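>>> Experimental structure and sequence below.
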Amino acid sequence: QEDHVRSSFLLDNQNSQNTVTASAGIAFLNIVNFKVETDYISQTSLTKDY
Amino acid sequence: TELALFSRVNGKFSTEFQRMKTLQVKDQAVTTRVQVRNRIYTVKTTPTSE
């Protein structure tokens, strides 16, 4: 009896997260007030097997 | 965005955009082969056969 077994596993994974929070707040002497903010969240995952 | 004028006129403007995506692929390929070969007897003719 001859037996051969060959297993091979490959796994790959990659995550990329970006966050950008840009804010601007102007406040005069109780006459003019302007508050702005910008949030940007991005996230990509990728897994690959074999 | 928040804008206040004269400490009496208020304006708020809140926008949001979520965009999610998902891609999955799965492949599979199984191959099997069984070969069997029995050889039990060997039947030959006698040299004195007519």
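Okay, I see it. Numbers count the residues shown, from 1 in each chain, chains lettered A, B, ... in the order given.

>>> what's the first-to-last distance across stretch B:18-35?
Start and end residues of stretch B:18-35 are separated by 57 Å (CA to CA, to the nearest Å).

>>> How about stretch B:12-22?
One end of stretch B:12-22 sits 33 Å from the other (CA to CA).

>>> Nearest to the spatial middle of chain B, which residue is it?
Computing the C-alpha centroid of chain B and ranking residues by CA atoms, centre = their mean puts residue B:26 first, at 0.7 Å.

>>> what about the strands in chain A?
Counting by DSSP state E, chain A has strands at residues A:11-27, A:32-49.

>>> highest average neighbour count across the ones you listed?
Greatest average neighbour count among the strands of chain A goes to strand A:32-49 (a mean of 11), per mean count of other CB atoms under 10 Å in any protein chain shown. Using the backbone N, CA and C atoms, a C-beta is placed for each residue, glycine as well.

>>> tell me which strands and helices that one is in contact with?
In terms of contacts (3 or more CB pairs under 8 Å, 6 or more residues apart in numbering or on different chains; DSSP states H and E), strand A:32-49 is packed against strand A:11-27, strand B:2-5.

>>> Select, out of the ones you listed, the one closest to residue A:39.
Of all these, it is strand A:11-27 that lies closest to residue A:39, at 5.0 Å by CB to CB.

>>> For the closest one, which strands pair with it and how are they oriented?
Next to strand A:11-27 in the sheet, as set by DSSP bridges, lie strand A:32-49 (antiparallel).

>>> Just the CA trace of the partner strand, in PDB.
C-alpha atoms of strand A:32-49 as PDB (Å, rounded to 0.1, in the frame of the first residue of the first chain):
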ATOM      1  CA  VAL A  32     -23.000  85.500  13.800                       C
ATOM      2  CA  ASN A  33     -22.400  81.800  14.400                       C
ATOM      3  CA  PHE A  34     -21.500  79.100  11.900                       C
ATOM      4  CA  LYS A  35     -20.600  75.600  12.800                       C
ATOM      5  CA  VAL A  36     -19.700  73.000  10.100                       C
ATOM      6  CA  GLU A  37     -18.300  69.500  10.300                       C
ATOM      7  CA  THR A  38     -17.500  66.800   7.700                       C
ATOM      8  CA  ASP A  39     -17.000  63.200   8.700                       C
ATOM      9  CA  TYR A  40     -15.900  60.600   6.100                       C
ATOM     10  CA  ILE A  41     -15.400  57.000   7.100                       C
ATOM     11  CA  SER A  42     -14.300  54.400   4.500                       C
ATOM     12  CA  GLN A  43     -13.400  50.800   5.100                       C
ATOM     13  CA  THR A  44     -12.700  48.000   2.700                       C
ATOM     14  CA  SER A  45     -12.000  44.400   3.700                       C
ATOM     15  CA  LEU A  46     -10.900  41.600   1.400                       C
ATOM     16  CA  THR A  47     -10.200  38.000   2.200                       C
ATOM     17  CA  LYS A  48      -9.100  35.300  -0.300                       C
ATOM     18  CA  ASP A  49      -8.600  31.700   0.400                       C
END
